[PDB]
>>> print(open('query_32.pdb').read())   # PDB, C-alpha atoms (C1' of nucleotides)
ATOM      1  CA  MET N   1     165.760 127.868  -1.185
ATOM      2  CA  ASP N   2     166.442 125.573   1.784
ATOM      3  CA  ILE N   3     164.233 126.687   4.675
ATOM      4  CA  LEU N   4     165.317 125.848   8.228
ATOM      5  CA  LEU N   5     162.635 124.284  10.440
ATOM      6  CA  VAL N   6     163.393 123.653  14.122
ATOM      7  CA  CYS N   7     161.234 122.651  17.092
ATOM      8  CA  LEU N   8     161.929 124.007  20.581
ATOM      9  CA  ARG N   9     160.650 122.372  23.776
ATOM     10  CA  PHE N  10     160.930 124.730  26.747
ATOM     11  CA  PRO N  11     159.102 125.136  30.066
ATOM     12  CA  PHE N  12     158.950 128.944  30.014
ATOM     13  CA  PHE N  13     160.392 132.000  28.304
ATOM     14  CA  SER N  14     160.442 135.623  29.426
ATOM     15  CA  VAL N  15     161.200 137.873  26.459
ATOM     16  CA  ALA N  16     159.255 141.027  27.261
ATOM     17  CA  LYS N  17     158.154 144.409  25.936
ATOM     18  CA  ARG N  18     159.290 147.933  26.790
ATOM     19  CA  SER N  19     157.689 148.804  30.131
ATOM     20  CA  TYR N  20     158.762 150.052  33.545
ATOM     21  CA  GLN N  21     158.621 147.703  36.538
ATOM     22  CA  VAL N  22     156.451 145.092  34.824
ATOM     23  CA  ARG N  23     158.170 143.362  31.907
ATOM     24  CA  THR N  24     155.177 142.104  29.930
ATOM     25  CA  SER N  25     156.366 138.941  28.198
ATOM     26  CA  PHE N  26     155.790 138.724  24.461
ATOM     27  CA  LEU N  27     153.005 136.373  23.437
ATOM     28  CA  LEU N  28     155.315 134.935  20.762
ATOM     29  CA  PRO N  29     159.105 135.296  20.461
ATOM     30  CA  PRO N  30     160.210 138.387  18.522
ATOM     31  CA  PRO N  31     162.191 137.886  15.300
ATOM     32  CA  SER N  32     165.227 139.732  16.692
ATOM     33  CA  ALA N  33     165.615 137.234  19.535
ATOM     34  CA  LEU N  34     165.114 134.338  17.117
ATOM     35  CA  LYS N  35     167.806 135.603  14.739
ATOM     36  CA  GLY N  36     170.231 136.356  17.569
ATOM     37  CA  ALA N  37     169.648 132.819  18.838
ATOM     38  CA  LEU N  38     171.414 131.320  15.825
ATOM     39  CA  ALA N  39     173.771 134.279  15.429
ATOM     40  CA  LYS N  40     175.188 132.951  18.693
ATOM     41  CA  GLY N  41     175.581 129.590  16.967
ATOM     42  CA  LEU N  42     177.429 131.295  14.117
ATOM     43  CA  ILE N  43     179.845 133.132  16.401
ATOM     44  CA  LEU N  44     180.586 130.082  18.575
ATOM     45  CA  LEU N  45     180.744 127.399  15.878
ATOM     46  CA  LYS N  46     183.133 129.049  13.384
ATOM     47  CA  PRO N  47     184.770 132.024  15.128
ATOM     48  CA  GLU N  48     187.567 132.168  12.553
ATOM     49  CA  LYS N  49     186.059 135.200  10.792
ATOM     50  CA  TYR N  50     182.838 135.946  12.725
ATOM     51  CA  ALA N  51     184.560 136.607  16.077
ATOM     52  CA  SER N  52     185.973 140.073  16.767
ATOM     53  CA  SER N  53     187.488 141.955  19.695
ATOM     54  CA  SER N  54     184.087 143.080  21.010
ATOM     55  CA  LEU N  55     181.205 140.719  21.716
ATOM     56  CA  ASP N  56     178.819 143.415  20.479
ATOM     57  CA  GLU N  57     180.822 143.876  17.271
ATOM     58  CA  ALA N  58     181.000 140.134  16.567
ATOM     59  CA  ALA N  59     177.285 139.717  17.285
ATOM     60  CA  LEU N  60     176.453 142.627  14.972
ATOM     61  CA  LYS N  61     178.641 141.150  12.221
ATOM     62  CA  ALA N  62     176.894 137.788  12.604
ATOM     63  CA  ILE N  63     173.493 139.504  12.507
ATOM     64  CA  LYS N  64     174.417 141.428   9.350
ATOM     65  CA  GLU N  65     175.728 138.308   7.612
ATOM     66  CA  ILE N  66     172.716 136.199   8.601
ATOM     67  CA  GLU N  67     170.274 138.913   7.491
ATOM     68  CA  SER N  68     172.095 139.347   4.172
ATOM     69  CA  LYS N  69     171.057 135.777   3.289
ATOM     70  CA  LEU N  70     167.410 136.084   4.364
ATOM     71  CA  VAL N  71     164.750 136.908   1.787
ATOM     72  CA  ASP N  72     163.419 139.689   4.030
ATOM     73  CA  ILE N  73     164.051 141.283   7.409
ATOM     74  CA  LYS N  74     160.633 139.899   8.443
ATOM     75  CA  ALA N  75     161.422 136.245   7.749
ATOM     76  CA  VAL N  76     161.495 134.145  10.928
ATOM     77  CA  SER N  77     158.242 133.192  12.645
ATOM     78  CA  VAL N  78     156.998 130.734  15.266
ATOM     79  CA  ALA N  79     154.052 128.317  15.271
ATOM     80  CA  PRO N  80     151.935 127.965  18.426
ATOM     81  CA  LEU N  81     151.157 124.268  17.969
ATOM     82  CA  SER N  82     150.803 123.926  21.747
ATOM     83  CA  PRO N  83     148.547 126.245  23.774
ATOM     84  CA  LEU N  84     150.087 129.284  25.452
ATOM     85  CA  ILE N  85     149.468 130.828  28.880
ATOM     86  CA  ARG N  86     150.995 133.658  30.925
ATOM     87  CA  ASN N  87     152.039 133.582  34.588
ATOM     88  CA  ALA N  88     153.724 136.197  36.776
ATOM     89  CA  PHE N  89     156.468 135.944  39.391
ATOM     90  CA  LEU N  90     157.527 138.442  42.047
ATOM     91  CA  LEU N  91     161.308 138.017  42.217
ATOM     92  CA  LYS N  92     164.065 139.946  43.956
ATOM     93  CA  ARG N  93     165.217 141.442  40.638
ATOM     94  CA  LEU N  94     167.024 144.367  42.233
ATOM     95  CA  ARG N  95     166.940 147.627  40.267
ATOM     96  CA  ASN N  96     170.287 149.427  40.423
ATOM     97  CA  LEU N  97     170.751 150.735  36.863
ATOM     98  CA  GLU N  98     168.607 153.827  37.444
ATOM     99  CA  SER N  99     170.247 156.893  38.968
ATOM    100  CA  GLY N 100     170.832 156.460  42.686
ATOM    101  CA  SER N 101     170.101 153.474  44.935
ATOM    102  CA  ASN N 102     173.850 152.559  45.024
ATOM    103  CA  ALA N 103     174.512 148.806  44.785
ATOM    104  CA  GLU N 104     172.799 147.447  47.933
ATOM    105  CA  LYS N 105     169.203 148.300  46.947
ATOM    106  CA  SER N 106     166.926 145.330  46.241
ATOM    107  CA  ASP N 107     163.170 145.581  45.700
ATOM    108  CA  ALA N 108     160.292 143.409  44.529
ATOM    109  CA  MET N 109     160.206 143.104  40.737
ATOM    110  CA  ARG N 110     157.437 141.346  38.816
ATOM    111  CA  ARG N 111     158.381 139.392  35.684
ATOM    112  CA  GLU N 112     155.985 137.638  33.314
ATOM    113  CA  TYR N 113     156.729 134.153  31.968
ATOM    114  CA  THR N 114     154.936 132.523  29.044
ATOM    115  CA  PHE N 115     154.264 128.784  29.266
ATOM    116  CA  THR N 116     153.838 126.516  26.245
ATOM    117  CA  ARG N 117     155.007 122.948  25.751
ATOM    118  CA  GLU N 118     156.629 123.237  22.323
ATOM    119  CA  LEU N 119     156.947 125.625  19.395
ATOM    120  CA  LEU N 120     157.979 125.255  15.749
ATOM    121  CA  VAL N 121     160.087 128.138  14.421
ATOM    122  CA  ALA N 122     161.222 128.393  10.796
ATOM    123  CA  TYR N 123     164.068 130.499   9.433
ATOM    124  CA  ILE N 124     163.917 131.425   5.749
ATOM    125  CA  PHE N 125     167.245 130.922   3.965
ATOM    126  CA  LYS N 126     167.789 131.689   0.277
ATOM    127  CA  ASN N 127     170.183 129.528  -1.772
ATOM    128  CA  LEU N 128     172.749 129.062   0.994
ATOM    129  CA  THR N 129     175.976 127.297   0.036
ATOM    130  CA  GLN N 130     176.250 123.626   0.994
ATOM    131  CA  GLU N 131     179.637 123.937   2.713
ATOM    132  CA  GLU N 132     178.208 126.624   4.981
ATOM    133  CA  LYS N 133     174.858 124.796   4.934
ATOM    134  CA  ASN N 134     176.331 121.945   6.992
ATOM    135  CA  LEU N 135     177.574 124.440   9.583
ATOM    136  CA  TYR N 136     174.147 126.092   9.492
ATOM    137  CA  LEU N 137     172.474 122.724  10.089
ATOM    138  CA  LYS N 138     174.704 122.381  13.142
ATOM    139  CA  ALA N 139     173.862 125.949  14.217
ATOM    140  CA  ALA N 140     170.135 125.196  13.942
ATOM    141  CA  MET N 141     170.603 122.964  16.981
ATOM    142  CA  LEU N 142     172.109 124.254  20.272
ATOM    143  CA  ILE N 143     169.665 127.146  20.531
ATOM    144  CA  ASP N 144     170.203 127.178  24.281
ATOM    145  CA  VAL N 145     168.191 130.163  25.522
ATOM    146  CA  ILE N 146     165.665 132.701  24.221
ATOM    147  CA  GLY N 147     165.821 136.091  25.924
ATOM    148  CA  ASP N 148     166.082 135.843  29.702
ATOM    149  CA  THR N 149     168.695 133.334  30.851
ATOM    150  CA  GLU N 150     166.197 131.263  32.855
ATOM    151  CA  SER N 151     164.289 130.531  29.612
ATOM    152  CA  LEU N 152     165.983 127.209  28.914
ATOM    153  CA  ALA N 153     164.897 125.990  25.469
ATOM    154  CA  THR N 154     166.048 122.605  24.170
ATOM    155  CA  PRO N 155     165.685 122.053  20.392
ATOM    156  CA  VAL N 156     164.320 118.527  20.049
ATOM    157  CA  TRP N 157     164.699 118.468  16.253
ATOM    158  CA  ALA N 158     165.890 120.609  13.350
ATOM    159  CA  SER N 159     165.882 120.006   9.603
ATOM    160  CA  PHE N 160     165.844 121.514   6.103
ATOM    161  CA  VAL N 161     162.605 120.521   4.342
ATOM    162  CA  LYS N 162     161.342 122.401   1.284
ATOM    163  CA  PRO N 163     157.747 123.709   1.282
ATOM    164  CA  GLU N 164     157.116 122.126  -2.182
ATOM    165  CA  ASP N 165     154.225 124.551  -2.779
ATOM    166  CA  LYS N 166     151.170 123.318  -0.895
ATOM    167  CA  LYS N 167     148.008 125.186   0.119
ATOM    168  CA  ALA N 168     147.225 125.249   3.845
ATOM    169  CA  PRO N 169     145.741 127.640   6.414
ATOM    170  CA  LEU N 170     148.286 129.801   8.190
ATOM    171  CA  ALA N 171     149.886 128.341  11.328
ATOM    172  CA  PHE N 172     153.307 130.000  11.548
ATOM    173  CA  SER N 173     153.321 133.702  12.373
ATOM    174  CA  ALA N 174     153.337 136.307   9.608
ATOM    175  CA  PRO N 175     153.749 140.089   9.356
ATOM    176  CA  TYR N 176     150.630 142.238   9.369
ATOM    177  CA  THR N 177     150.857 142.828   5.608
ATOM    178  CA  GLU N 178     149.593 139.649   3.924
ATOM    179  CA  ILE N 179     147.021 139.035   6.676
ATOM    180  CA  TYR N 180     145.244 142.306   5.868
ATOM    181  CA  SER N 181     145.052 141.277   2.200
ATOM    182  CA  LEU N 182     143.464 137.909   3.133
ATOM    183  CA  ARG N 183     140.091 137.262  16.348
ATOM    184  CA  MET N 184     142.596 139.999  15.466
ATOM    185  CA  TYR N 185     145.924 140.342  17.291
ATOM    186  CA  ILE N 186     148.510 142.974  16.332
ATOM    187  CA  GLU N 187     151.915 143.563  17.916
ATOM    188  CA  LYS N 188     155.298 145.231  17.439
ATOM    189  CA  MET N 189     158.315 142.972  17.923
ATOM    190  CA  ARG N 190     161.394 145.004  16.827
ATOM    191  CA  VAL N 191     162.470 142.969  13.781
ATOM    192  CA  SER N 192     166.152 143.693  14.400
ATOM    193  CA  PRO N 193     168.192 143.588  17.628
ATOM    194  CA  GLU N 194     168.901 147.068  18.962
ATOM    195  CA  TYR N 195     172.568 147.886  19.553
ATOM    196  CA  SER N 196     174.322 151.102  20.540
ATOM    197  CA  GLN N 197     163.594 148.864  13.162
ATOM    198  CA  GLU N 198     160.032 148.490  14.467
ATOM    199  CA  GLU N 199     157.356 146.793  12.359
ATOM    200  CA  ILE N 200     153.792 145.529  12.763
ATOM    201  CA  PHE N 201     153.061 141.797  12.950
ATOM    202  CA  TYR N 202     149.978 139.605  13.114
ATOM    203  CA  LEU N 203     149.553 137.118  15.945
ATOM    204  CA  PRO N 204     147.680 133.837  15.306
ATOM    205  CA  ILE N 205     146.473 133.073  18.844
ATOM    206  CA  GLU N 206     142.898 133.722  19.991
ATOM    207  CA  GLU N 207     141.051 133.602  23.296
ATOM    208  CA  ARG N 208     139.087 130.581  24.527
ATOM    209  CA  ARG N 209     136.791 130.883  27.560
ATOM    210  CA  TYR N 210     137.443 127.332  28.740
ATOM    211  CA  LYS N 211     138.741 127.864  32.293
ATOM    212  CA  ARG N 212     139.446 130.665  34.782
ATOM    213  CA  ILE N 213     142.562 131.615  32.807
ATOM    214  CA  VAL N 214     141.687 132.633  29.271
ATOM    215  CA  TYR N 215     144.755 131.078  27.507
ATOM    216  CA  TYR N 216     145.455 131.015  23.763
ATOM    217  CA  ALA N 217     144.273 129.174  20.666
ATOM    218  CA  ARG N 218     144.440 129.041  16.853
ATOM    219  CA  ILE N 219     142.960 131.428  14.288
ATOM    220  CA  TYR N 220     143.785 129.648  10.981
ATOM    221  CA  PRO N 221     143.775 132.673   8.618
ATOM    222  CA  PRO N 222     142.756 132.160   4.955
ATOM    223  CA  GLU N 223     144.631 130.140   2.350
ATOM    224  CA  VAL N 224     148.254 130.901   1.461
ATOM    225  CA  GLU N 225     149.831 129.844  -1.834
ATOM    226  CA  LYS N 226     152.806 128.293   0.002
ATOM    227  CA  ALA N 227     152.740 125.706   2.789
ATOM    228  CA  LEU N 228     155.127 123.467   4.723
ATOM    229  CA  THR N 229     154.575 119.963   6.088
ATOM    230  CA  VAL N 230     155.621 118.252   9.328
ATOM    231  CA  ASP N 231     155.081 114.484   9.814
ATOM    232  CA  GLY N 232     152.286 114.464   7.224
ATOM    233  CA  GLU N 233     150.352 117.501   8.513
ATOM    234  CA  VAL N 234     150.456 120.660   6.392
ATOM    235  CA  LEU N 235     150.650 124.203   7.790
ATOM    236  CA  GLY N 236     150.580 127.656   6.231
ATOM    237  CA  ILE N 237     153.717 129.752   5.766
ATOM    238  CA  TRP N 238     154.089 132.977   3.780
ATOM    239  CA  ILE N 239     157.140 134.395   2.001
ATOM    240  CA  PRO N 240     157.284 137.681  -0.009
TER
ATOM    241  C1'   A V   1     175.012 135.402  24.149
ATOM    242  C1'   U V   2     168.961 137.580  21.657
ATOM    243  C1'   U V   3     163.378 143.433  25.143
ATOM    244  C1'   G V   4     169.303 141.933  25.906
ATOM    245  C1'   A V   5     173.923 141.597  30.361
ATOM    246  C1'   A V   6     174.219 140.916  36.834
ATOM    247  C1'   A V   7     169.348 140.009  40.139
ATOM    248  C1'   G V   8     167.190 134.082  47.294
ATOM    249  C1'   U V   9     160.277 138.175  47.714
ATOM    250  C1'   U V  10     164.701 136.690  52.164
ATOM    251  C1'   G V  11     166.516 136.211  57.633
ATOM    252  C1'   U V  12     164.246 135.018  63.584
ATOM    253  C1'   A V  13     158.922 132.286  65.238
ATOM    254  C1'   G V  14     156.486 125.429  70.251
ATOM    255  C1'   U V  15     148.917 127.015  67.075
ATOM    256  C1'   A V  16     151.358 126.527  73.113
ATOM    257  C1'   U V  17     150.848 126.318  78.997
ATOM    258  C1'   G V  18     146.575 123.404  83.267
ATOM    259  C1'   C V  19     142.393 119.200  82.791
ATOM    260  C1'   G V  20     140.223 111.723  86.803
ATOM    261  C1'   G V  21     135.146 110.791  80.728
ATOM    262  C1'   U V  22     134.585 110.815  87.371
ATOM    263  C1'   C V  23     131.551 109.562  91.849
ATOM    264  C1'   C V  24     126.995 105.391  93.962
ATOM    265  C1'   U V  25     125.212  99.925  92.048
ATOM    266  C1'   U V  26     124.053  91.840  95.002
ATOM    267  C1'   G V  27     122.823  89.844  87.388
ATOM    268  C1'   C V  28     119.596  89.125  93.618
ATOM    269  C1'   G V  29     115.281  86.568  96.190
ATOM    270  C1'   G V  30     112.090  80.949  96.246
ATOM    271  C1'   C V  31     113.197  75.433  93.845
ATOM    272  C1'   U V  32     113.390  67.065  96.357
ATOM    273  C1'   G V  33     116.422  65.645  89.104
ATOM    274  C1'   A V  34     111.193  62.998  93.246
ATOM    275  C1'   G V  35     107.619  59.117  93.841
ATOM    276  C1'   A V  36     106.465  52.823  92.642
ATOM    277  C1'   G V  37     110.485  48.063  91.290
ATOM    278  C1'   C V  38     112.370  39.983  93.916
ATOM    279  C1'   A V  39     118.181  40.384  88.429
ATOM    280  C1'   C V  40     113.275  36.242  90.309
ATOM    281  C1'   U V  41     111.082  31.100  89.256
ATOM    282  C1'   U V  42     112.887  24.645  87.964
ATOM    283  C1'   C V  43     118.282  21.883  88.823
ATOM    284  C1'   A V  44     121.574  14.775  92.794
ATOM    285  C1'   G V  45     128.449  16.279  91.218
ATOM    286  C1'   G V  46     125.307  11.243  89.769
ATOM    287  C1'   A V  47     125.748   6.092  88.380
ATOM    288  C1'   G V  48     129.598   1.326  88.549
ATOM    289  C1'   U V  49     134.858   0.202  91.586
ATOM    290  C1'   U V  50     138.115  -5.973  96.917
ATOM    291  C1'   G V  51     144.001  -2.094  98.806
ATOM    292  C1'   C V  52     143.059  -7.957  96.083
ATOM    293  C1'   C V  53     146.382 -12.203  95.335
ATOM    294  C1'   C V  54     151.798 -15.677  97.412
ATOM    295  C1'   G V  55     154.611 -15.267 102.423
ATOM    296  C1'   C V  56     157.511 -20.605 108.839
ATOM    297  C1'   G V  57     160.466 -15.495 113.015
ATOM    298  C1'   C V  58     162.962 -19.575 110.456
ATOM    299  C1'   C V  59     166.980 -23.444 111.539
ATOM    300  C1'   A V  60     172.154 -25.199 115.449
ATOM    301  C1'   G V  61     171.779 -22.868 121.234
ATOM    302  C1'   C V  62     172.876 -29.063 128.397
TER
END
>>> encode(input="query_32.pdb", output="structure tokens")
Amino acid sequence: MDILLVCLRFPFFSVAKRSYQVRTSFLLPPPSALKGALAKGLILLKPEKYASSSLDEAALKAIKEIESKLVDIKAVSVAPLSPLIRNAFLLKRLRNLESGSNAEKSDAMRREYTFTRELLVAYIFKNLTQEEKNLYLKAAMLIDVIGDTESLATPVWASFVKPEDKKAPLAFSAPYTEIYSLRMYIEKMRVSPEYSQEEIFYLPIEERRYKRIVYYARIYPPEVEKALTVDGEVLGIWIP
RNA sequence: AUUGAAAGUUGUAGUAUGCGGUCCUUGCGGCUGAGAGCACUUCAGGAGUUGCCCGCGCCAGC
């Protein structure tokens, strides 16, 4: 079990929830976006068998193959090691997909962007073959964007380091199943990308009344039997 | 190539046009750098010293 661990340094990201007008940005990246991020790496890097006539079909094939080798559909999670905040921008995001308004209609559209310096996201891979493991190491890098195109995310580092069974408080995100079994934040993040399903996840960021903006913090849930280390500091990760 | 795919919150706009920090005003009037004062008093340009000693206006001239 070689678990992928990558760190992304980005100014902002604007993956949002289902809402009209306002697109409320997710507090933490959903697993579907995270898995599509490296499914793009799969389809670009070795398009010999993972590229098809349709971009949607090739992306779906990559998603199916990448999820076949995960321990669970709810596998990937992020780690808010830097604090998170939310800002809003009124842009000229013209709305012309709804019925009417032709093609020359442009109106004020408010989009929410989440700011955090860096995040640590881990993909859980189960006994992947070495020959494809080298390609998957390469695909861990070049995670260019997360969600909206203007969410430029540059992966500073990526590696395959085994958890080696430590005990640490939870830092990476986890589904709202082990958290209940043992400052509460619950969300739905659509585990799988929707193409032409929904699960409940815990969120380990709490409020701090430090300034005018309330911003986000750490919750450190109780001990987990498995843990993963980065540069000598241990953090909690859970796997079914 | 992922709550995804395309998406200027934009185009025109003098914080301007006029306005003496100005007019009158002796740094002026009176005032000895003045009054008393020997650059004086005593002094030989003085003592001694030959303008010396020798010398035919000379011999022949009716």
>>> residues_around(input="query_32.pdb", residues="stretch 61-67 of chain N", least_positions_apart="5", cutoff="7 Å", atoms="only C-alpha atoms (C1' of nucleotides)", output="PyMOL selection string")
chain N and resi 36+39+42-43+50+73
>>> interface_residues(input="query_32.pdb", of="chain N", to="chain V", cutoff="10 Å", atoms="only C-alpha atoms (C1' of nucleotides)", output="PyMOL selection string")
chain N and resi 14-19+23-26+30-41+43-44+55-56+59+89-96+106-110+144-149+189-190+192-195
>>> atom_distance(input="query_32.pdb", atom1="atom CA of residue N:77", atom2="atom CA of residue N:213")
25.6 Å
>>> atom_distance(input="query_32.pdb", atom1="atom CA of residue N:118", atom2="atom CA of residue N:13")
11.3 Å
>>> residues_around(input="query_32.pdb", residues="residue N:85", least_positions_apart="2", cutoff="9 Å", atoms="all atoms listed in the file", output="PDB file with C-alpha atoms, in the coordinates of the input")
ATOM      1  CA  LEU N  27     153.005 136.373  23.437  1.00  0.00           C
ATOM      2  CA  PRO N  83     148.547 126.245  23.774  1.00  0.00           C
ATOM      3  CA  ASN N  87     152.039 133.582  34.588  1.00  0.00           C
ATOM      4  CA  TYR N 113     156.729 134.153  31.968  1.00  0.00           C
ATOM      5  CA  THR N 114     154.936 132.523  29.044  1.00  0.00           C
ATOM      6  CA  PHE N 115     154.264 128.784  29.266  1.00  0.00           C
ATOM      7  CA  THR N 116     153.838 126.516  26.245  1.00  0.00           C
ATOM      8  CA  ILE N 213     142.562 131.615  32.807  1.00  0.00           C
ATOM      9  CA  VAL N 214     141.687 132.633  29.271  1.00  0.00           C
ATOM     10  CA  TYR N 215     144.755 131.078  27.507  1.00  0.00           C
ATOM     11  CA  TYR N 216     145.455 131.015  23.763  1.00  0.00           C
TER      12      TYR N 216
END
>>> atom_distance(input="query_32.pdb", atom1="atom CA of residue N:223", atom2="atom CA of residue N:169")
4.9 Å
>>> resolve_selection(input="query_32.pdb", expression="the PyMOL selection byres ((chain N and resi 174) around 10)", output="PyMOL selection string")
chain N and resi 74-79+170-173+175-179+200-204+236-239
>>> closest_residue(input="query_32.pdb", among="N:217, N:128, N:208, N:123", to="residue N:159", atoms="only C-alpha atoms")
N:123
>>> decode(input="query_32.pdb", residues="stretch 158-172 of chain N", atoms="N, CA and C atoms", output="PDB file, in the first residue's frame")
ATOM      1  N   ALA N 158       5.768  16.102  -4.116  1.00  0.00           N
ATOM      2  CA  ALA N 158       4.922  14.917  -4.151  1.00  0.00           C
ATOM      3  C   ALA N 158       5.798  13.697  -3.899  1.00  0.00           C
ATOM      4  N   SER N 159       5.266  12.725  -3.160  1.00  0.00           N
ATOM      5  CA  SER N 159       6.062  11.561  -2.793  1.00  0.00           C
ATOM      6  C   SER N 159       5.147  10.401  -2.424  1.00  0.00           C
ATOM      7  N   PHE N 160       5.773   9.247  -2.191  1.00  0.00           N
ATOM      8  CA  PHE N 160       5.108   8.019  -1.757  1.00  0.00           C
ATOM      9  C   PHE N 160       5.776   7.565  -0.462  1.00  0.00           C
ATOM     10  N   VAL N 161       5.193   7.938   0.675  1.00  0.00           N
ATOM     11  CA  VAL N 161       5.734   7.593   1.985  1.00  0.00           C
ATOM     12  C   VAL N 161       4.679   6.817   2.762  1.00  0.00           C
ATOM     13  N   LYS N 162       5.061   5.642   3.270  1.00  0.00           N
ATOM     14  CA  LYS N 162       4.127   4.770   3.965  1.00  0.00           C
ATOM     15  C   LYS N 162       3.805   5.304   5.360  1.00  0.00           C
ATOM     16  N   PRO N 163       2.565   5.111   5.823  1.00  0.00           N
ATOM     17  CA  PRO N 163       2.191   5.625   7.152  1.00  0.00           C
ATOM     18  C   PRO N 163       2.920   4.948   8.302  1.00  0.00           C
ATOM     19  N   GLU N 164       3.383   3.708   8.114  1.00  0.00           N
ATOM     20  CA  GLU N 164       4.125   2.924   9.118  1.00  0.00           C
ATOM     21  C   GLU N 164       3.478   2.968  10.506  1.00  0.00           C
ATOM     22  N   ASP N 165       2.151   3.119  10.547  1.00  0.00           N
ATOM     23  CA  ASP N 165       1.323   2.782  11.709  1.00  0.00           C
ATOM     24  C   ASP N 165       1.741   3.560  12.964  1.00  0.00           C
ATOM     25  N   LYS N 166       1.520   4.869  12.908  1.00  0.00           N
ATOM     26  CA  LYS N 166       1.675   5.733  14.071  1.00  0.00           C
ATOM     27  C   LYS N 166       0.310   6.154  14.603  1.00  0.00           C
ATOM     28  N   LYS N 167       0.328   6.790  15.774  1.00  0.00           N
ATOM     29  CA  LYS N 167      -0.876   7.285  16.437  1.00  0.00           C
ATOM     30  C   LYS N 167      -0.766   8.800  16.562  1.00  0.00           C
ATOM     31  N   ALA N 168      -1.664   9.521  15.894  1.00  0.00           N
ATOM     32  CA  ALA N 168      -1.634  10.976  15.892  1.00  0.00           C
ATOM     33  C   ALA N 168      -3.054  11.508  15.812  1.00  0.00           C
ATOM     34  N   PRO N 169      -3.301  12.720  16.302  1.00  0.00           N
ATOM     35  CA  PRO N 169      -4.613  13.343  16.100  1.00  0.00           C
ATOM     36  C   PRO N 169      -4.852  13.660  14.632  1.00  0.00           C
ATOM     37  N   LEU N 170      -6.127  13.637  14.255  1.00  0.00           N
ATOM     38  CA  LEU N 170      -6.504  13.765  12.853  1.00  0.00           C
ATOM     39  C   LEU N 170      -6.197  15.163  12.330  1.00  0.00           C
ATOM     40  N   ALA N 171      -5.520  15.225  11.184  1.00  0.00           N
ATOM     41  CA  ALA N 171      -5.254  16.473  10.479  1.00  0.00           C
ATOM     42  C   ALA N 171      -5.838  16.480   9.076  1.00  0.00           C
ATOM     43  N   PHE N 172      -5.621  15.414   8.306  1.00  0.00           N
ATOM     44  CA  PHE N 172      -6.265  15.278   7.007  1.00  0.00           C
ATOM     45  C   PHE N 172      -7.761  15.060   7.186  1.00  0.00           C
TER      46      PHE N 172
END
